Structures are given as C-alpha cells and as structure tokens.
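K.L.:
Before I ask anything, here is the structure I am working with.
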Amino acid sequence: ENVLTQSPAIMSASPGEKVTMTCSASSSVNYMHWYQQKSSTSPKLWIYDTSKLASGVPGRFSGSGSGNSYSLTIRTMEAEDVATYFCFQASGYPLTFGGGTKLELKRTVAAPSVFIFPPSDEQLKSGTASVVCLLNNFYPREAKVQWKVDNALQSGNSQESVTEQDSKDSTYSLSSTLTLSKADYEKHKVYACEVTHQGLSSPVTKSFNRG
Amino acid sequence: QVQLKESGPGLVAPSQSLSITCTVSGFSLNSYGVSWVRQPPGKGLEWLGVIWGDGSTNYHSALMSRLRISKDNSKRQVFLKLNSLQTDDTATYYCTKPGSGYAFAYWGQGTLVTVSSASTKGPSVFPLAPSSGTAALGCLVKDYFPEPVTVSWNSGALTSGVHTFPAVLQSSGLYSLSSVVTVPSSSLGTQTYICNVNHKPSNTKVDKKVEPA
Ligand SMILES: CC(=O)N[C@H]1[C@H](O[C@H]2[C@@H](O)[C@@H](CO)O[C@H](O[C@@H]3[C@H](O)[C@@H](O)[C@H](O[C@H]4[C@H](O)[C@@H](O)[C@H](O)O[C@@H]4CO)O[C@@H]3CO)[C@@H]2O)O[C@H](CO)[C@H](O)[C@@H]1O[C@@H]1O[C@H](CO)[C@H](O)[C@H](O[C@]2(C(=O)O)C[C@H](O)[C@@H](NC(C)=O)[C@H]([C@H](O)[C@H](O)CO)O2)[C@H]1O
C-alpha cells in the first residue's frame, strides 16, 4: 500500500520560528492532504490538494511538494499551532495517513505552583486514601515529584498524569496521586510532596499533618 | 451546515461484533460518500472504508473482510459493522465526509470503543478541597471502566483555569482522573464550585459541590 512516513515524529519550535515538516510516500501521488489534531479530538482538514488552505486556516500555513515528497510549512510558529499534523493521500486505495508530526512550542521556563490535597472523609469511610499533589502551569515538562511520609521516601505507590500544552500559555500541569489503604494511612502523620524543577532555585515541599 | 455524529457502544467483548451508526445532516447520502477512520489509543489515524453516494464500497484489506458499511438515505444514517472484535480494535471511531480534494472535510465527534471482557464500572467522585490569593480545588474521579469520563465545572460556566487530567490505568484495571481549577481565594465565600462528572457507559451523572473542609 502507499505508506506515508512523517519526519520529524516530534519537534519543537520557538515562538515566531519557521516550521517545516515532511511527508514521504512509498509511491508517487498527484496530491497530498494534511490534517491538524489537537488533544485527540476530531482532526480538522488543514491543507488539501497539496497547497490549498482549508476555510479558516491562517495564511502563515502553506503546503508544497510533488511525486513522493511533500511538506507543510508554518511561516511563524504561534501558540495556537501546537498540535499533531497528519498527511494523507486519497489518490489510490487503500487511503492512507502518515504517522503524524507532534509540534510543540518552546516557551520560557515557568516554575510550578504546588498544592497538596488530603483524602476526603468520604473516601476514607470506604477504605482508601488518595493524596493528590498538583503542579500547576509549568515549563518545561520535566519535573521530579517525590512523596515522603513521616520523612521516608516512598516508592511504587504513586502515579502521575500530565496535561497537554495549554492552548494560550503553553504550559503543562501535572498531578501525582499517592494511594494507601485507610489502615496504612492511619499509621503515619505527615504527608509531603517534594517538587524539583528547573524553574525553582531549590525543591519546593508541600505537606499536611493528619488532624 | 454539514454535520455527522456517531453513536455506538463503549464496551464490547472479544469475538463479538461492533455496530456504530453515523447520523448526518446538511447533505444527501445519495450524492456524497461517507468514510470511516479509527485512532487507537495513543496512536495515529487509520482509514477503514468508505460508502460512496452510489452505494459502492471500498475497505482497507487489513480488516480481513470483517468490516461492512451500509446506509439508508431516508434515515440519514450510515452503518459500520465490524465482526469478531479483538483487543487491537480498541479505538476512537469516526465517520467523515469527503469534500475538498476528496479529503475528509467534516468529521463526527468520534466514539471510543474498548474491546474487553471486563465489567462496566461507574466512578466514585470525591472533592479536592481548597486549603486553609489563588486557591486550587478539584474533583477526584475514581475507579471507572471503560473510558471515557467527562468533567465540567458549574455546568460549563467555569472554563478558565480548569485542568482535567488524562486518565491513568490503576493496577486494579480501573481508571482514575482528577480535574482541578484555580480561582481567586476572595471568591470562596460567594461562589459555589460544582464539578459535573459524566460516565456514559454506566449512565453515571454526579454533581459534586467542592467547598472548604
Ligand atoms: C472523479 C474521481 O475519479 N473521483 C475519485 C477520486 O479521485 C480523485 C482523488 O484521487 C484526488 C486526490 O485526493 O485526486 C484527483 O482529484 C484531483 C483533486 O484532488 C480534486 O480536488 C480536483 O477536483 C476538481 C473537480 O474535479 C472539478 O469538478 C472542480 O471544478 O474543481 C475541483 C478542484 O480543482 O480534481 C483533481 C483531478 O483533476 C482524483 O480525481 O478519488 C476517490 C478516492 O479518494 C474516489 O476513487 C473517487 O471516485 C468515486 O468513485 C465512486 C465509485 O467507486 C463514485 O463513482 C464517486 O462518485 C460520486 C459518488 O457516488 O459518491 C458521484 C456523485 O455525483 C458525486 N457528487 C457530486 C455532488 O458531484 C460524489 C462526490 O463527488 C464524492 O462522493 C465526494 O464528495 O461522487 C466517485 O467520486
């Protein structure tokens, strides 16, 4: 089949920087099309017939190519352009999509704001304690979040989740959730999360004492 | 105005069949083709097949003839039927209308289909209370299956500063997520904050008021 391969798989661009990404086809096509997908919601038609912009697509986008070789270009990267872009051919069957180029915005360092949340009484009632540490609105994505219970480092009892880049401020947020039984929760008094990030001169600790 | 919308089951067992209906408006099925696309979790887009205005069909061969597409013009409906499901058929399924360049100009919202023999479970919702000026508060949505859940705040009136985290798969085989929002601490005495949680597979609808403890 006519397999489409996109390069690079993941790229980042500074605000206002020119962006180019490519699509290679295993067999020549007369036209290449492109979609933009944000946060895994429905893709949007972005470019059709190689170089024609879909309605509402800003003029800083363009497409070009011929044969097996196509590209999509953004004259100047904007925060609203953060998305995954997919090429697609409909010149022969089966119709095929490339694997996508994920385009990220390289913005300035921003330190997280850190919050800790004890379990609700309602949840304890049912037998489980979830303790949640939030890192709000930071950049870059790399952060280290460590749990300490009565000043002992925890391991294997927490899971993290991270948002996509925010549409306007281009930052991430992260949650880390520590999960214990009600019984184990009541064997300790001090619950703390320690956050290390390049935006912070030294690690930031948020804690609470049961009571 | 062209519109498409999928309706399908969220959860289907291995070896059973998947049936999805695409209901359309703003164009005649007699005159225009409708394609189907899927996206497995964390992966790219895959074209599945098309039914043309004339009723002719074309399918991706990788489906091993397990897929059939049909339609009824007067009902404004296109039907996907996929037999003998296996785990790797888990995906968000979309219907779409070819337009400019024969590319997919209009898309349905998509419907997430999970292939599993596990039982449907609705979530429990717990508050993430603002601590005792920007305050953070939220909801913890725990122990649900399959995906997805949706969360809104104050029935959609509160959007600024909201972060709803991607779900995590727990070691139990159930999902959990949190949704948080940052608000002015000075609003806490006058503004009620309610998270609205929906899990369509279990018909669960929870509105949880979140207040200082
Ligand atoms: C005609 C044809 O061969 N169609 C194929 C289609 O071929 C395309 C495709 O491969 C594209 C690349 O994606 O490359 C060529 O097209 C070029 C450009 O992409 C395209 O934008 C350009 O369009 C011209 C247009 O032709 C002029 O009329 C117009 O003034 O200007 C535009 C813009 O310049 O044309 C370029 C080439 O010159 C290829 O030609 O490929 C798809 C697969 O992706 C199918 O194979 C298409 O063939 C369909 O076959 C089925 C049978 O299997 C049907 O016969 C179908 O016909 C209907 C239908 O039944 O659905 C007949 C309907 O009357 C018609 N409706 C209307 C309102 O006309 C519909 C409708 O066109 C389609 O459903 C799409 O919405 O098609 C064939 O289309």
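Bear in mind that the values in this text are calculations on the coordinates, not laboratory data. Quick reminder, even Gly has a Cβ in these numbers, built from the backbone with ideal geometry, and neighbours come from all protein chains shown.
K.L.:
Give the Kirkwood hydrodynamic radius (Å, one decimal) of chain B, defined as one over the mean of 1/r across all pairs of different Cα atoms.
P.N.:
Details: mean 1/r = 0.0518 Å⁻¹.
Value: 19.3 Å, from the Cα pair sum.
K.L.:
Cross-link list B:5/B:81; A:168/B:142; A:38/B:209; A:144/A:182: which exceed 19 angstrom alpha carbon to alpha carbon?
P.N.:
Numbers: B:5/B:81 16 Å; A:168/B:142 29 Å; A:38/B:209 30 Å; A:144/A:182 26 Å.
Pairs exceeding 19 Å: A:168/B:142; A:38/B:209; A:144/A:182.
K.L.:
If amide hydrogens are placed 1.01 Å from N in the peptide plane, which non-local residues have theirs closer than 5 Å to the one on residue B:10?
P.N.:
Amide H neighbours of residue B:10, under 5 Å, 5+ apart: none.
K.L.:
Would you list the P(r) distribution for region B:162-213, with all Cα-Cα distances sorted into 10 Å bins from 0 and each bin expressed as a whole %?
P.N.:
In order of increasing distance, the bins hold 19, 44, 28, 10, 0 percent.
K.L.:
Using a basic spin-label model with each label point 7 Å from the Cα along Cα→Cβ, how many nm lie between residue B:84 and residue A:55?
P.N.:
4.3
K.L.:
Spelling out what I want: for every residue of region A:17-33, take phi, set θ = phi - 60°, compute 6.51 cos²θ - 1.76 cosθ + 1.60 (Karplus), and round to whole Hz; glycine and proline get x.
P.N.:
For region A:17-33, the Karplus-derived couplings read 6, 5, 10, 10, 9, 10, 9, 10, 9, 5, 10, 4, 10, 6, 8, 10, 10 Hz, x marking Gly and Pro.
K.L.:
Could you pull the Rg and Dmax for region B:81-146, using just the Cα atoms, both in Å?
P.N.:
For region B:81-146, the Cα-based Rg and Dmax read 19.6, 58 Å.
K.L.:
Report the label-to-label distance for residue B:185 and residue B:57 in nanometres (one decimal), using points 7 Å from each Cα along the Cα→Cβ vector.
P.N.:
Distance between the two pseudo-spin positions: 6.3 nm.
K.L.:
Related question: Other chains near A:92-101: what is the mean number of their Cβ atoms within 10 Å of each residue's Cβ? Please report the intermediate quantities before stating the final value.
P.N.:
Details: counts 0, 7, 11, 13, 4, 7, 2, 3, 3, 0.
Mean partner-chain Cβ count within 10 Å for A:92-101: 5.
K.L.:
While we're looking at this one, here's another question. Consider just the alpha-carbon atoms of region B:120-213 and return their Rg together with their Dmax, both in angstrom.
P.N.:
Answer for region B:120-213, Rg first and Dmax second: 13.3, 41 Å.
K.L.:
Please average, across the residues of A:23-34, the number of beta carbons from any other chain that are within 10 Å of each residue's own beta carbon, and give a whole number.
P.N.:
Working: counts 0, 0, 0, 0, 0, 0, 0, 0, 3, 2, 6, 1.
So the per-residue partner count for this stretch is 1.
K.L.:
Whole number please: convex hull volume per residue of the Cα set in region A:74-159, in Å³?
P.N.:
Cα-based convex hull of region A:74-159, divided per residue, equals 215 Å³.
K.L.:
For region B:54-62, in order, what is each residue's ³J(HN,Hα) by Karplus, 6.51 cos²θ - 1.76 cosθ + 1.60 with θ = phi - 60°, in whole Hz (x at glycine and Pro)?
P.N.:
Ordered by residue, 3J(HN,Hα) equals 6, x, 5, 10, 9, 10, 6, 5, 4 Hz.
K.L.:
Can you pull the three principal axis extents for the Cα set of region B:1-116, in Å, largest first?
P.N.:
37, 24, 24
K.L.:
Can you tell me what share of the DSSP beta bridges in chain A is antiparallel? A percent to the nearest 5 is fine.
P.N.:
Values: 65 of 69 bridges.
Among the beta bridges of chain A, antiparallel pairing accounts for roughly 95 percent.
K.L.:
Please compute the net charge surrounding residue B:66, taking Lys and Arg as +1 and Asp and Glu as -1 over other residues with Cβ under 11 Å from its Cβ. Could the numbers behind the result be given before it?
P.N.:
Working: positive: B:68, B:81; negative: B:89.
Once all neighbours under 11 Å are counted, the net charge is +1.
K.L.:
Separate question: What is the Cα coordinate range of region A:85-211 on the first, second and third principal axes, sorted by size from largest, in whole angstrom?
P.N.:
66, 37, 24
K.L.:
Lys and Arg at +1, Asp and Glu at -1: add these up for the other residues within a Cβ distance under 15 Å of residue B:182 and post the number. If you can, show how the numbers build up before the last one.
P.N.:
Numbers: positive: A:168, A:206; negative: A:166, A:169.
Surrounding charge for residue B:182 is 0.
K.L.:
Another question, then. With a cut-off of 8 Å between alpha carbons and a minimum separation of six or more residues, what is the relative contact order of chain A in percent? List each step's numbers first, then the result.
P.N.:
Working: 497 pairs, mean separation 39.3, N = 211.
Value for chain A: 19 percent.
K.L.:
Next question. Based on the Cα atoms of the protein assembly as shown, what semi-axes does the equivalent ellipsoid have, where each is the square root of 5 times one gyration tensor eigenvalue, given in whole Å with the largest first?
P.N.:
On the way: eigenvalues 349, 142, 72 Å².
Over the Cα atoms of the protein assembly as shown, the semi-axes work out to 42, 27, 19 Å.
K.L.:
Applying the Karplus parametrisation 6.51 cos²θ - 1.76 cosθ + 1.60 with θ = phi - 60° to the phi angles of region B:141-156, what ³J(HN,Hα) value in whole Hz is obtained for each residue in order, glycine and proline being reported as x?
P.N.:
So the Karplus estimates, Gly and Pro as x, are 10, 10, 6, 10, 7, x, 5, x, 10, 10, 10, 10, 10, 6, 6, x Hz.
K.L.:
Could you tell me the calculated FRET efficiency between residue A:157 and residue B:43, based on Cβ-Cβ distance and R0 = 25 angstrom, to the nearest 0.05? Display every interim value, and only then the final one.
P.N.:
Numbers: r = 30 Å, r/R0 = 1.18.
E(calc), rounded to 0.05, equals 0.25.
K.L.:
Can I ask one more? Show that you can apply the helix-only estimate: for the protein assembly as shown, add -39,500 (n - 2.57) for every DSSP H stretch of four or more residues, divide by all residues, and state [θ] at 222 nm to the nearest 500.
P.N.:
Details: 2 runs with 9 residues, N = 424.
Value at 222 nm, helices only: -500 deg cm²/dmol.
K.L.:
In percent, what relative contact order does region A:64-105 have, based on Cα pairs under 8 Å that are 6 or more apart in sequence? The partial results should precede the final answer.
P.N.:
Values: 40 pairs, mean separation 14.6, N = 42.
Computed value for region A:64-105: 35 percent relative contact order.
K.L.:
Can you give me the Rg/Rh ratio for region A:1-107, using Cα atoms for both radii and the Kirkwood formula for Rh? Display every interim value, and only then the final one.
P.N.:
Values: Rg = 12.9 Å, Rh = 13.6 Å.
Radius of gyration relative to Kirkwood radius: 0.95.
K.L.:
Let me ask another. FRET efficiency for residue A:182 and residue B:162, Cβ-Cβ distance as r, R0 = 35 Å, nearest 0.05? Write down the numbers at each step before the final one.
P.N.:
On the way: r = 30 Å, r/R0 = 0.85.
Efficiency, rounded to the nearest 0.05: 0.70.
K.L.:
If you don't mind, there's one more thing I want to ask. How many percent of DSSP beta bridges within the protein assembly as shown run antiparallel, rounded to 5?
P.N.:
Values: 134 of 140 bridges.
Within the protein assembly as shown, antiparallel bridges account for around 95 percent of the total.
K.L.:
If I take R0 = 45 Å and measure r between the Cβ atoms of residue B:2 and residue A:121 in this structure, what FRET efficiency does the formula 1/(1 + (r/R0)^6) give, to the nearest 0.05? Kindly include the intermediate steps, with their values, before the conclusion.
P.N.:
Numbers: r = 50 Å, r/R0 = 1.12.
Calculated transfer efficiency: 0.35.
K.L.:
Cut-off 10 angstrom, C-alpha nodes, Gaussian network model of chain A. Which of A:53, A:180, A:103 fluctuates the most?
P.N.:
Among A:53, A:180, A:103, the largest mean-square fluctuation in the Gaussian network model of chain A belongs to A:180.
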